[PDB]
Each structure stands twice: as C-alpha cells, then as structure tokens.
RNA sequence: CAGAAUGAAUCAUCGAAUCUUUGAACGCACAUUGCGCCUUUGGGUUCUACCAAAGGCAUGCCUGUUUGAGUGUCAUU
RNA sequence: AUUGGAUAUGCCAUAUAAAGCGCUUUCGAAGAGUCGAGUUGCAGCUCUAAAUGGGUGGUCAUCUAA
RNA sequence: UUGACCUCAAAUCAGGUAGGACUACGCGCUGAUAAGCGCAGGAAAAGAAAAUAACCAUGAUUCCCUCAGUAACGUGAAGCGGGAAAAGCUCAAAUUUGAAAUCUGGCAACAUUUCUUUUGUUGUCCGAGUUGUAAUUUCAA
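Chains as they are written, first to last, in the UniProt record's numbering: chain L, 6 to 268, 349 to 454; chain V, 3 to 122; chain Z, 52 to 237; chain B, 2 to 69, 95 to 180, 190 to 201; chain X, 248 to 271, 293 to 306, 314 to 345.
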C-alpha cells in the first residue's frame with residue numbers, strides 16, 4: 006500500500022503544514038521570514054502528493070516539525086491575547102489600563118533565532134548584504150503606516166553604524182556609481198560584501214510592495230544589523246552601540262553624530358576634498374573616510390563639515406555643477422565620476438578628465454572583471 | 003568495587019565502566035554451559051553485585067543532579083515528591099490546620115488560658 | 052441545530068407566549084435609547100476609582116506619611132456612584148439615594164423585582180435600563196445589577212435635577228398602565 | 002439588603018409571581034440534563050443562608066427527581107454526590123417542582139482547592155471524616171430523616196452485662 | 248519602591264539593541301554614461324531621475340527567498 | 001559442598017534507589033497471541049527508505065488559561 | 001538526631017490600632033413546599049402558614065426548629 | 001464593520017481530584033437481628049436544647065450503675081439521683097459606602113524543612129468578587 010512512505014512521508018503540502026502547526030496564512034507567512042524555510046520541490050510531485058495531480062507546494066517534514074518547539078510561536082498567540090485584552094480595556098472606556106499595558110506590550114527577543122540559522126559570524130558576514138541593503142533602503146523614505154516610525158530611527162542608526170565602523174576599519178574596497186545609485190563593495194572579517202545604496206530622491210509609495218511583509222522582513226534585518234554592530238564594534242574595540250550625538254544628528258552630520266568611541350585604503354588619504362551643495366555628500370564623505378581622505382562640505386550640504394567652501398585646504402573641491410564660479414585655487418572643481426573611478430581604480434584618478442564642465446567617462450561596474 | 007570511590011569520577015566515566023562489566027558477565031555465563039571451576043560461580047555472584055553497585059551509583063547521580071536542578075521551584079515532578087501515605091499527602095498542613103479567623107485571634111490575645119494555682 | 056440552540060430561541064419565545072405578571076411586565080418596557088445616553092454621561096464622572104489606581108494614590112499617600120507629611124486632615128469626603136444590590140436597598144430604605152437604576156436582564160428576576168415597588172414607595176425616582184453589563188462597565192465590573200447616585204457634588208446638582216425630570220417624564224410618567232396590566236401572550 | 006425581601010418572597014410560592022417563574026424555569030430545567038451545573042444559585046439567598054459563600058470552590062448543581095421510598099431531597103444529595111466524586115456536600119434545598127419532577131440545588135465544596143483549605147470557617151470539611159457525608163446520613167436532611175434531634179419525640192439492652200463481682 | 252521609583256525604574260529599560268555578542293547578480297557596468305550599449316544614457320547626475328522599480332525589485336527578491344522554492 | 005580468605009555476615013538497622021507482565025488498571029482488544037497514534041532522540045555511510053530507544057495518548061469532576069459558537073442581551077454619528 | 005509546650009533573654013513589630021465593663025433621652029435584623037392538617041407503606045401523595053409568633057409540657061412554666 | 005456581557009462548548013492546555021483493598025468496632029439503605037448495597041476514622045456517631053421538670057428547680061453530647069423488670073401496652077422505657085469526662089462555639093438575617101478593607105492563580109525574589117522530597121512570606125500581573133469576598137454579631141445576646 007502506497008501513501009505511507011517514500012516522498013509522501015517527508016514531503017507534505019502547504020495546507021497540511023497549516024493543519025500540523027495550527028496557524029493561518031498570515032500566521033504562517035509571518036514566522037518563516039525570521040526563521041529560514043523555503044518551499045522544496047520533489048523530483049516527482051504526483052507520487053509525493055498522494056496520487057493527485059494538482060499544482061501544490063511541498064515541504065520537508067523535518068523542518069515543519071522542527072518548527073514545533075519554537076517559543077516565538079507562543080509570543081504571537083500571546084500577542085493575540087493582548088489586543089483582546091486591550092480592546093476589552095478600550096471597549097469599556099477604561100483609558101488608564103489602556104495606557105498601562107502598551108508599555109508592557111509583550112515583545113519577543115531576536116537572540117536565539119539568529120543563533121541557529123547563522124552559525125558563523127563569517128557566514129553571518131556572507132549573509133549581511135541584503136539585510137544591510139534593506140537597512141539602507143527604508144532609511145530615506147517617508148513614514149508609512151505598516152512601517153515603524155521608531156524603527157526608521159533604528160534604520161538610520163544601524164546604517165550609520167555600519168558606515169562608521171567600515172570607515173574606521175577602511176573596509177570599503179570597491180565602489181561604483183551605477184544608474185541605481187552608489188553600490189559599495191566592502192570586506193570585513195575576511196568576507197567581501199557588496200551593498201547597493203540609492204540616491205536621496207523624492208520617493209513615493211509604490212502601493213504594491215507588502216509593507217506588512219516588509220515590516221516583518223525589516224525586523225529580521227534589524228537584529229543582524231545590531232548583532233554585527235555588537236560584533237564589529239567589539240572587534241574594533243568601539244562601543245556597541247556607539248554614542249550618537251543628537252545635536253549633530255539634528256544638524257545632519259551623518260557618521261559624525263554617531264561617535265565611534267572606543268569601549349588601497351590610502352588612495353585618497355593625501356587629499357582633503359571639500360564639496361558644494363550639488364551632490365550626495367553623505368556617500369561622498371563615506372567614500373572619503375573609507376579611503377582616508379578628509380571630507381569637507383558646504384553648509385547647505387550639511388553641518389559638521391571639517392572644510393568649508395572658502396577653505397583653501399580643499400585638495401579637490403569636487404562640484405557636480407559644471408559652473409563653479411567660486412572654484413578656488415588648489416581646489417579644482419572635479420566631478421564624482423573621477424572619484425568613483427578613483428574608488429574603482431584604487432589610485433588618484435585624473436581630476437581633469439571628470440572635471441566640472443568636462444566629459445565624464447563610462448563608469449564600469451567595480452564588481453565586474 | 004568500593005562504592006565511595008565510584009562517586010569520585012564523572013558520569014561518563016561510570017558509563018564506559020558499565021558495559022565491559024557486563025561483557026565480563028555476558029562471557030561468564032557462556033562458561034556455565036561450557037563447564038568450568040566452582041570459584042567463577044562466586045565470580046558470577048560478585049559480578050552481578052558489582053553490576054548492582056554502579057547502577058545504584060549512576061542512578062543516584064541523576065536524581066541528585068535533578069534535585070539541584072529543581073531548587074526554588076513551585077512545582078516538581080512526581081518521583082521527587084514525598085511518598086509517605088495517600089492519606090498524608092492529601093490532608094491539611096499545620097499552617098492551614100492552625101489558621102484561625104480574626105475573631106479567634108482577638109479572643110486568644112486578650113483572654114488566653116492563663117496559669118494559676120490553689121492552696122490546700 | 053446544536054443541542055442547546057433550539058432551547059436558546061425557545062426560552063426567548065416562551066417569555067412572550069405566556070402571561071407575564073404585572074410585577075415582571077415592567078421589566079421589558081425599558082428606558083429608551085436617547086435618555087439612556089445622558090444618565091451614563093453623568094455617571095461617567097462618578098465612577099469608583101479603579102482598584103489599580105486607588106492603590107496608585109495610596110502609595111502616593113503613604114510615602115509622605117513615612118516622612119512626616121499628611122493629607123488626612125485636608126481630605127474632603129469622596130464621591131462616586133453607589134452600586135451593589137445589598138448596599139442600594141439600604142440606600143433606598145434610608146431615603147439617601149436619588150436615582151436608582153435597575154438592569155433589565157438579571158437572571159433570577161426576583162433579585163430586582165421588589166425595587167420598582169420599593170422605589171415607588173420610598174419616593175426615589177427610578178428607571179429600568181438595558182444590559183446589566185452596561186452598568187458593569189460603569190463601575191469596572193463584569194455584570195452589575197443596580198447603581199445609585201446618592202450625592203453628586205455642587206457641580207452637577209443642576210444637571211441632576213434636569214436629568215431626573217427626564218427619567219420621570221419618560222419612564223415613570225409613561226409606562227403607567229403597562230406596569231398595571233399583565234404582559235406577554237403575544 | 003436584598004435577602005430580607007428575597008426570603009419573604011420565596012415563601013409566597015403559589016402566588017402569581019412565584020408561579021410564573023415556576024412554570025418558566027421548570028421548562029428550562031427540564032430540557033437541560035438530569036444533573037447539570039449551575040453558574041449562579043437560582044435562590045441566591047437560601048444558598049447564602051445554607052452555607053454558600055460566593056467564592057471559588059463552591060459549586061452549585063441542580064437535579065430533578067421523580068415524584069411518587096427514600097426522601098427525594100436525600101437522593102438529590104446522593105445522586106449529585108455520586109456524579110461529583112471530589113466535591114463535599116453542604117446542603118440541598120428546594121427551588122421548584124411540577125406534577126412530575128421536584129427540582130433541587132446542592133451546595134458542593136472542593137476540599138483540594140487551596141482557597142477552602144486556607145479558610146477557617148469551612149476548613150472543617152477538608153478533614154477525612156467528612157468523606158461522602160450524604161452517604162452516611164450526616165447532612166441537613168439525612169439528620170432529619172433518621173430522627174436525630176433533641177426531644178422526647180425522636190444491643191444496648193439485648194446483651195446481658197455480667198460483671199466480675201456479682 | 249515609591250511613586251518616583253514607580254517612574255524612573257521604567258526608564259533605564261526598553262533599550263534593547265544587541266547588548267551581547269551572539270558569535271562568542294552584480295552590476296552590468298551600467299551607469300549614467302555607459303557606452304557599451306545605446314537602458315538610457317544620462318549626461319548629468321542631477322539630470323538622472325529616480326528608478327522607481329527598485330522597491331518592487333527588492334521586495335520580489337525578499338519574497339522569493341520565503342515563497343519561491345529553491 | 002566447593003568457595004575466597006583476612007569490611008567477612010542467608011547479619012542487623014535502614015532515611016537514598018531498583019521494582020518484570022498483570023491487577024481500581026488507565027492509548028485499543030483480548031485470557032494467551034496483537035493492534036495502534038503523537039513528540040523527541042539514536043542507529044546502521046542517507047529522517048526520499050527502515051528499525052530501535054525514550055517520553056506521552058483512560059474516564060468523570062474542580063479551579064484557572066487559550067480558542068471559539070449562539071436570528072442569547074445590548075452599545076457604537 | 002528529630003520533636004513538645006513552656007522560662008529567661010536578643011532583634012523585630014507598627015499601635016493613627018484592637019479588646020473587657022460600666023453608662024445608656026437610640027436601636028436590636030433571627031433560617032418555608034419547611035411547620036401544620038388530611039391521608040397510603042419516619043417516609044409517599046393532596047393541600048399549605050404565622051410573628052410575642054412557633055414547639056413541647058402543667059391561664060402558667062420552659063425552649064427558640066426548618 | 002467592531003465591542004462588551006450571558007450561556008454553551010473544545011483542548012494529550014496549567015494544576016488538582018474519584019474509584020480499589022481491609023470492614024473487629026462506626027453510620028446509613030432496604031431487609032427474611034442474619035444475608036445483600038453503600039460510606040468513614042483511630043475511633044466514629046452524638047453535641048452545646050424548638051431539653052426536662054412542676055422543684056428551694058435542673059442545664060450540650062457520650063458512657064457506666066441505678067431508676068427497673070418499674071411505669072405504659074410477652075414486650076418494655078424515660079425524668080431524678082450517683083459516677084467517668086467536661087470546651088465551647090461558627091454563619092444567614094443591619095450599609096465597609098469616608099472608598100472590595102477579601103481571595104485563588106502566573107511570574108520573580110526571600111526563606112523554610114521530618115524533607116534538596118516540606119511549608120510559607122513579600123513584590124508583581126491577570127483573574128474571582130458588588131447576583132457580596134473581609135471587619136462586626138449569633139439571642140448567653
């Protein structure tokens with residue numbers, strides 16, 4: 006008698022995984038982003054689906070039963086109880102118990118779910134690209150209903166800490182200014198990691214990406230950004246998390262706000358470059374700090390600039406605007422295409438090639454070979 | 003084997019000491035159907051008793067490590083409870099036995115049975 | 052149908068098809084929607100303090116005493132609505148209550164069946180409102196049976212003299228013959 | 002309180018109010034089980050007077066009995107006490123009847139509940155001598171049945196007493 | 248703990264961001301002025324618009340790891 | 001009797017443990033002999049197979065927790 | 001070695017409290033299909049109370065059930 | 001759409017609980033006391049008067065002697081008196097209303113033990129409870 010073992014034993018359906026775990030669709034999709042499980046296709050799906058021929062998603066039983074002992078599943082159901090205690094409080098007009106329970110809103114911990122799925126920190130370094138990219142993704146858009154306004158500050162703090170620690174360790178090696186934005190390819194603790202960052206533009210809601218699924222996926226990426234910061238700052242001797250200057254944050258100093266206090350990397354180190362209010366100086370200062378160069382900026386570009394527009398210490402006062410009426414002597418106005426090529430070629434690129442009012446060359450991919 | 007110096011080594015060291023003590027006994031019953039000396043039937047006796055010492059030892063290194071595990075706990079399993087008598091486990095405790103109202107607390111701090119005497 | 056639902060619609064209808072005595076007949080004619088939204092608006096100032104935040108003011112009262120300060124000498128007599136069946140029967144017999152509120156769904160109906168007769172005799176203006184649980188929400192309870200205002204402060208006395216006049220004029224002034232005839236048998 | 006009014010009302014058992022609730026509740030009590038748990042006592046005054054405090058551990062049951095030869099109230103104490111093997115019986119009173127069934131309720135107390143056991147007004151029933159009181163005729167109506175009272179109304192000779200010196 | 252202590256011992260908490268250590293395709297040479305093919316060619320970085328498909332692309336890649344098989 | 005000898009003792013006491021299958025007998029049926037289900041672990045170079053081990057699966061009732069159902073009672077500008 | 005009620009003594013306690021008895025220009029709540037009568041083998045069935053009332057005994061004495 | 005509340009369910013949910021054996025002695029059930037049925041403890045039943053008495057009054061219950069083979073109708077008491085032992089009381093019914101003052105449970109600390117096996121205290125969060133949990137009172141008042 007078939008229908009007891011073979012493929013149909015280890016392989017089981019999506020609906021059956023709802024029956025054997027006692028969850029719903031929105032409950033099942035909620036947890037398998039934090040915990041890594043993806044559908045697995047049999048080599049023969051008719052035998053595995055107990056003779057039927059419908060198109061049906063399939064799962065190992067060794068992971069769907071490994072899901073049973075997870076105490077985070079208890080936190081979700083004990084989040085169901087809370088809102089049916091808060092609505093009991095809010096629905097009976099008692100405002101004060103409605104305030105007293107939201108502070109003790111039950112929150113699970115993301116410690117033991119990052120323990121088992123990423124064993125090695127180097128393996129965690131290998132899978133830190135998409136999480137950091139997502140950390141750099143939602144950190145510049147407006148506040149969304151399903152997205153967390155407080156988590157937006159976490160997205161701002163985690164990416165800056167990733168920017169400050171990499172700049173302190175000079176981990177960034179390759180950088181390309183592609184059509185999408187500035188793709189930064191770094192290498193920390195041996196693992197070479199590439200992260201793509203877009204330009205700060207007037208974005209709009211796409212009305213098609215599930216922000217509910219995004220808020221869950223961002224929460225899975227919020228732990229890895231901090232845990233790596235807990236590891237990288239300990240590796241570099243800095244504070245995890247580093248002390249952040251709110252006054253410099255209110256003045257938009259970037260990595261200068263998050264003070265990294267201790268608890349060819351010199352391609353442009355001998356070049357104190359300044360900037361006007363014509364380009365994305367946030368990544369420009371990150372590229373300069375990763376390459377050892379002193380980064381200046383205009384007051385409109387942001388406060389905390391070590392070098393001003395009138396400062397004669399500007400080695401290469403790069404201006405994205407081709408018309409630089411205040412181009413100082415010794416601060417020749419160049420374009421970011423030369424600096425991007427300088428980050429690509431690893432040497433001091435020709436500022437006369439990609440100058441302000443000069444032809445920018447074709448920027449190839451730094452990761453390409 | 004002297005049971006006081008069995009407890010001076012960890013649990014796993016009692017572990018590999020367990021089977022070859024059996025493999026001696028497992029081999030020693032083969033000689034009974036083979037036929038041998040009479041002093042090994044004394045060795046039959048003292049290998050079972052030596053089997054029956056380490057098993058006493060290892061079991062008391064599990065339960066005594068469980069008791070240190072279940073300190074301070076409101077609930078402990080059944081096998082570590084009292085086994086006195088069913089009528090003793092399910093009867094009142096002297097706390098609840100000696101619980102009084104507030105009325106019989108007042109009536110025995112202003113009016114207790116004092117000690118007195120007479121004179122014959 | 053399940054084993055219990057076919058009872059749950061039938062005891063709904065046997066209260067209708069039978070002869071309701073005039074004592075019980077008044078327990079279905081009930082204060083309306085409108086005038087039962089201002090009574091609970093006046094009461095929602097005089098709720099009893101929630102047991103969690105009575106303690107909150109008690110730790111703030113007992114911390115200054117542990118230093119030497121006090122507030123018992125300047126503590127004015129408190130206010131709230133008065134609830135509980137046995138405390139409100141004695142608040143009517145002593146002519147202390149001024150507005151008695153009777154739930155319309157007390158399960159053993161004998162618990163409140165003497166109250167519209169006691170309120171008629173002692174001269175305490177009364178009304179029968181819906182949903183015992185609605186009273187329960189007022190006083191932080193699951194199911195209340197009755198409430199009573201016995202003393203509002205000088206702030207709402209002028210409001211209370213008006214809202215009672217809505218209670219007599221709609222419940223007591225009306226409903227005067229349906230309480231004097233049998234009900235049910237529909 | 003309300004229990005004064007609810008005692009004198011519960012005596013006028015045949016009057017129009019006490020008869021209307023009799024017909025109504027006998028209907029609901031009859032479609033329910035022969036023994037089914039209450040959630041509140043139907044007579045919350047008689048229950049309060051016979052011993053029932055409204056705390057955890059006090060369980061109200063109610064049971065119909067066929068009319069028409096042990097006293098019916100006594101069997102309502104026994105049949106509920108055989109349906110609940112843990113609960114200790116306190117009392118059992120009359121709540122309703124009709125031409126074919128008498129309805130009673132019973133007050134039952136959990137002896138294992140650590141709220142009865144911590145309370146010195148009901149702690150006499152945790153003791154093991156009170157095991158199945160309704161069996162031994164040791165309760166409110168099992169005492170009245172067997173003529174245990176005070177009054178001329180309600190082997191000690193059949194053995195010869197042969198002393199040592201006689 | 249008194250009434251002020253009811254307040255200030257709630258305030259050192261709720262700061263939980265990794266306070267202990269748990270560990271004890294590429295670009296196709298596409299840019300503003302890519303001359304390999306003639314997407315589009317952008318003369319100036321300020322003239323380059325915003326590629327709005329990145330939100331739908333990154334979400335699709337995120338949803339592929341959890342819903343699409345592998 | 002042999003037996004080892006030199007903490008012996010079919011010793012005494014006894015507070016920690018062991019207690020086979022049954023039996024109120026309790027995962028199901030029986031008188032043997034079986035039939036199963038759930039979770040965990042291990043095994044033999046596969047948890048696509050197989051086996052084993054370990055922990056659970058009687059009923060009634062009580063207290064509490066979670067999930068619900070009710071053309072059962074109502075409120076929601 | 002476990003355990004008893006004590007004696008003395010040390011530290012705690014929280015007492016803004018609780019209790020005995022005078023004194024009352026004041027009040028004083030008391031258990032129901034039970035009691036009770038009729039009637040079949042203390043039970044069954046029919047009926048069904050009251051507040052100086054109700055019970056049992058010689059107008060009195062004595063008690064306070066459900 | 002939503003939210004309370006009532007009722008009813010479901011859970012290998014959390015913690016508990018009931019059977020069965022002995023039955024000399026105890027208490028009930030029917031019963032030709034015998035047999036059968038049920039139910040407990042080291043004792044149990046009984047118990048602080050809806051009791052006697054007709055006195056100059058006695059004073060919960062139990063048991064022995066006596067009353068006594070007596071009254072009353074072959075059956076067969078009881079009051080009084082004499083002993084042993086003596087311990088009394090707890091609720092319902094009155095509003096804590098100037099404040100549900102009450103309690104189970106979950107978690108965490110502190111102890112503590114016939115005992116790492118026992119038994120609690122304190123803090124905290126639900127929950128029970130105004131259809132009434134504590135204080136007060138039981139007619140002797």
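Note that the Cβ used here is the ideal one computed from N, Cα and C, for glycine as well.
- For the options B:172, B:59, B:197, the alpha carbon positioned closest to that of residue 100 of chain B is the one of B:172.
- Across the set L:403, L:268, L:365, the C-alpha of L:268 shows the shortest separation from the C-alpha of residue 266 of chain X.
- At a cut-off of 8 Å between beta carbons, residue 212 of chain L makes no contact with chain Z.
- The residue among L:384, L:385, L:369 with its C-alpha nearest the C-alpha of residue 378 of chain L is L:369.
- Within the model, the alpha-carbon separation for residue 236 of chain Z versus residue 84 of chain L is close to 49 Å.
- Contact residues of the segment 138-162 of chain B toward chain V are 138, 140, 143, 144, 145, 146, 147, 149, 152, 153, 154 (C-beta to C-beta distance below 9 Å).
- Residue range 17-32 is occupied by the alpha helix (DSSP H) that includes residue 28 of chain B, with no beta strand (DSSP E) assigned at that position.
- Taking residue 195 of chain L as the centre and dropping the five residues before and after it, the same chain places the C-beta of 127 closer than 7 Å to its C-beta, in chain order.
- Contact between the segment 156-164 of chain L and the segment 220-239 of chain L is present, with at least three C-beta pairs closer than 8 Å.
- Considering only beta carbons, the part of the segment 79-113 of chain Z lying closer than 7 Å to chain X consists of 110, 111, in chain order.
- In terms of beta-carbon proximity, residue 28 of chain B lines the interface with chain Z, with at least one pair separated by less than 8 Å.
- Interface residue (Cβ-Cβ distance to chain B less than 8 Å): residue 5 of chain V is not classified as such.
- For the C-beta of residue 250 of chain X, the chain Z residues within less than 9 Å are, from N- to C-terminus, 107, 110, 111, 114.
- In the DSSP annotation of this structure, residue 52 of chain Z is not part of any beta strand (DSSP E), being labelled neither H nor E.
- With contacts defined as CB atoms closer than 8 Å, residue 375 of chain L and residue 172 of chain L qualify as a contacting pair.
- Taking a 10 Å sphere around the C-beta of residue 183 of chain L, we find 16 or more other C-beta atoms and assign the residue as buried.
- Pairing residue 385 of chain L with residue 401 of chain L gives a Cβ-Cβ distance that is not under 8 Å.
- The three-state secondary structure of residue 401 of chain L, taken from DSSP, is coil.
- Residue environment: residue 429 of chain L is assigned as buried (16 or more neighbouring CB atoms within 10 Å of its CB, all protein chains considered).
- For residue 164 of chain B, there is no enclosing beta strand (DSSP E), as DSSP marks it with neither H nor E.
- Scanning the segment 37-68 of chain B from its first residue to its last, the whole alpha helix (DSSP H) runs of 4-plus residues come out as 47-51.
- DSSP, read as helix, strand or coil, puts residue 95 of chain B in coil.
- Leaving aside the five residues that flank residue 449 of chain L on each side, the residues in its chain whose CB is nearer than 8 Å to its CB run, in chain order, 181, 429.
- Below the 8 Å Cβ cutoff, chain L contributes 97, 98 as neighbours of residue 188 of chain Z, in chain order.
- Of all residues in the segment 64-80 of chain Z, only 65, 66, 69, 70, 71, 72, 73, 74, 75 place a beta-carbon less than 9 Å from a beta-carbon of chain B.
- Under a criterion of Cβ atoms nearer than 7 Å, no residue of chain L is adjacent to residue 259 of chain X; the nearest Cβ is some 14 Å distant.
- If you compare the alpha carbons of Z:126, Z:72, Z:62 with that of residue 234 of chain Z, the shortest gap goes to Z:72.
- Residue 332 of chain X sits in a helix when the DSSP states are folded into three classes.
- Between residue 151 of chain L and residue 89 of chain L, the CB-CB gap reaches or exceeds 8 Å.
- It is roughly 44 Å from the alpha-carbon of residue 408 of chain L to the alpha-carbon of residue 222 of chain L.
- The three-state reading of DSSP puts residue 248 of chain L in strand, counting E and B together.
- Excluding residues up to 5 positions away in sequence, 256 lie with their Cβ nearer than 7 Å to the Cβ of residue 248 of chain X in the same chain.
- Separation of residue 436 of chain L and residue 421 of chain L (C-alpha to C-alpha, rounded to the nearest whole angstrom) is 9 Å.
- Per DSSP, residue 150 of chain B lies in no alpha helix (DSSP H) segment and is marked neither H nor E.
- In the displayed model, residue 203 of chain L falls within a strand according to three-state DSSP.
- Linking residue 114 of chain V to residue 103 of chain V through their CA atoms gives a straight-line distance of about 16 Å.
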